[PDB]
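**Student:**
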């Protein structure tokens, strides 16, 4: 009730079972998509428990926005509490995955046939988890290539902001991040992101760049309120992209 005088909720006659939902996707390792599950799971084929199913069976269970569908001649595989699959084409802009709207019974929790089955609930926006490449265009300017269009959604890109989006490691060790320029640390232009370091910091072979854990401001697509990026299983090497001087000592040299 909405007042003090109301009765309490009491014990159920029979213990109620929990229908599992679909966790946030938060994976794009290319086009290979990984969907994390709240627990261990297994498919139900021919009254038995098996980890591998085909595209025809797999398409019944899941649905995507923008008409993706799963790739033909491929096997959806579950290992641990994760689900691994491939799509018809690379996803550009937002995409969403969800459990079959008209119900389904092939995907069940536990590692046996007795356990419950999945249901629709709500969607799971897919977050990019990889970068294309990056290079040094100057001694303190480093430009990174996002796989898709992005947007920061009007956030002022002070140094307090940039440290949350992107970071530049030294010598491939995560304990020596490099200071940014307190003036204008970063900027965004479609697929290109600018990183400006401090005057004392300089580029050297072996550095690595990545998205800092907890990013929330950089997003996908043009519209705000979409999902941000996440960290990748391996950092992106930084390659040289500038030269100091080119001069003609001889006419043939």
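In the deposited numbering, the protein residues as written are 1390 to 1642.
We put the beta carbon where it would ideally sit given N, CA and C, even for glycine.
#1: How about residue 1598 and residue 1558: do their beta carbons lie closer than 9 Å?
#2: Report all residues from its chain with a CB closer than 7 Å to the CB of residue 1455; omit the five preceding and five following residues, and keep chain order.
#3: As a quick exercise: from 1515, 1518, 1492, pick the residue whose alpha carbon is nearest that of residue 1506.
#4: Can you tell which of 1404, 1427, 1580 has its C-alpha closest to the C-alpha of residue 1363?
#5: Closest to residue 1489 by C-alpha separation, out of 1411, 1401, 1625, would be which residue?
#6: For a quick check, are the C-beta atoms of residue 1616 and residue 1516 less than 9 Å apart?
#7: Please confirm whether residue 1475 and residue 1424 have their CB atoms less than 9 Å apart.
#8: To the nearest angstrom, how far is it from the Cα of residue 1417 to the Cα of residue 1537?
#9: Could you check the C-alpha separation between residue 1461 and residue 1445 for me, to the nearest Å?
#10: Determine which residues share a DSSP beta bridge with residue 1439 and list them.
#11: Would you tell me roughly how many angstroms separate the C-alpha atoms of residue 1544 and residue 1606, rounded to the nearest one?
#12: Mind reading off the beta-carbon distance from residue 1521 to residue 1534? Whole number of angstroms is fine, and I expect it under 8 Å.
#13: Report yes if the CB atom of residue 1553 is closer than 9 Å to the CB atom of residue 1603, and no otherwise.
#14: Of all the beta strand (DSSP E) runs that stay within the bounds of the segment 1561-1640, which reach a length of 3 or more residues?
#15: Using the C-alpha atoms, what's the distance from residue 1626 back to residue 1594?
#16: Determine the direct distance from the alpha carbon of residue 1591 to that of residue 1528, and round the result to whole angstroms.
#17: May I have the straight-line CA-CA distance separating residue 1600 from residue 1556, to the nearest angstrom?
#18: Apply the 10 Å Cβ neighbour rule to residue 1562 and answer buried if 16 or more other Cβ atoms are within range, or exposed otherwise.
#19: Going by the beta-carbon positions, is the gap between residue 1442 and residue 1495 smaller than 9 Å?
#20: Do you know offhand how far residue 1468's Cα is from residue 1501's?
#21: If you drop the 5 nearest sequence neighbours on each side, which residues of the same chain put their C-beta closer than 7 Å to that of residue 1638?
#22: Do residue 1587 and residue 1569 have their CB atoms nearer than 9 Å?
#23: Where residue 1513 and residue 1452 are concerned, what is the direct C-alpha to C-alpha distance, given to the nearest angstrom?
**Tutor:** On the basis of the coordinates in this document:
#1: One-based indexing of the chain shown puts residue 1598 at position 209. One-based indexing of the chain shown puts residue 1558 at position 169. Against a cut-off of 9 Å, the Cβ pair of residue 1558 and residue 1598 comes out as a contact.
#2: The residue given as residue 1455 occupies position 66 in the chain shown. Same-chain partners within the cutoff: 1484.
#3: As a first step, residue 1506 is located in the chain shown; it is residue number 117 there, counting from the start. Nearest C-alpha to residue 1506: 1492.
#4: It is not possible to answer for residue 1363, since the shown part of the chain is limited to 1390 through 1642.
#5: To locate residue 1489, count along the chain shown from 1; it is residue 100. Closest by alpha carbon: 1411.
#6: Here residue 1616 is taken as the residue at index 227 of the chain shown, counted from 1. Here residue 1516 is taken as the residue at index 127 of the chain shown, counted from 1. Closer than 9 Å, so yes.
#7: As a working mapping, residue 1475 is identified with position 86 in the chain shown. As a working mapping, residue 1424 is identified with position 35 in the chain shown. Taking 9 Å as the Cβ cut-off, residue 1475 and residue 1424 do not qualify as a contacting pair.
#8: Here residue 1417 is taken as the residue at index 28 of the chain shown, counted from 1. Here residue 1537 is taken as the residue at index 148 of the chain shown, counted from 1. So the alpha carbons of these two residues sit roughly 12 Å apart.
#9: Within the chain shown, the letter at position 72 stands for residue 1461. Within the chain shown, the letter at position 56 stands for residue 1445. Each residue's Cα considered, the two are about 8 Å apart.
#10: Sequence index remark: in the chain shown, residue 1439 carries index 50 (1-based). For residue 1439, which the question treats as bridged, DSSP gives the partners 1432.
#11: Translated into positions along the chain shown, residue 1544 becomes position 155. Translated into positions along the chain shown, residue 1606 becomes position 217. Between residue 1544 and residue 1606, the C-alpha separation is close to 7 Å.
#12: Mapped onto the chain shown, residue 1521 falls at position 132. Mapped onto the chain shown, residue 1534 falls at position 145. 4 Å between Cβ atoms; contact.
#13: In the chain shown, counting from the first residue as 1, residue 1553 sits at position 164. In the chain shown, counting from the first residue as 1, residue 1603 sits at position 214. In this structure, residue 1603 lies closer than 9 Å to residue 1553 by Cβ.
#14: 1575-1578, 1581-1585, 1597-1600
#15: Sequence index remark: in the chain shown, residue 1594 carries index 205 (1-based). Sequence index remark: in the chain shown, residue 1626 carries index 237 (1-based). Between residue 1594 and residue 1626, the C-alpha separation is close to 9 Å.
#16: Taking the first residue of the chain shown as position 1, residue 1528 is located at position 139. Taking the first residue of the chain shown as position 1, residue 1591 is located at position 202. One C-alpha to the other measures close to 6 Å.
#17: By 1-based counting over the chain shown, the position of residue 1600 is 211. By 1-based counting over the chain shown, the position of residue 1556 is 167. Taking the straight line joining both Cα atoms gives about 6 Å.
#18: Position 173 of the chain shown, counting from 1, holds the residue named residue 1562. So residue 1562 ends up on the exposed side.
#19: As a position in the chain shown, residue 1442 is number 53, starting the count at 1. As a position in the chain shown, residue 1495 is number 106, starting the count at 1. Yes; because the gap between Cβ atoms is below 9 Å, this pair is in contact.
#20: Position 79 of the chain shown, counted from the start, is the residue given in the question as residue 1468. Position 112 of the chain shown, counted from the start, is the residue given in the question as residue 1501. If I take the Cα positions, the gap works out to 14 Å.
#21: One-based indexing of the chain shown puts residue 1638 at position 249. Excluding sequence neighbours, residue 1638 sits near nothing in its chain.
#22: Taking the chain shown and counting its residues from 1, the one referred to as residue 1587 is at position 198. Taking the chain shown and counting its residues from 1, the one referred to as residue 1569 is at position 180. For residue 1587 and residue 1569, yes; Cβs fall inside 9 Å.
#23: The residue you call residue 1513 lines up with position 124 of the chain shown. The residue you call residue 1452 lines up with position 63 of the chain shown. Answer to the nearest angstrom: the Cα atoms are 11 Å apart.
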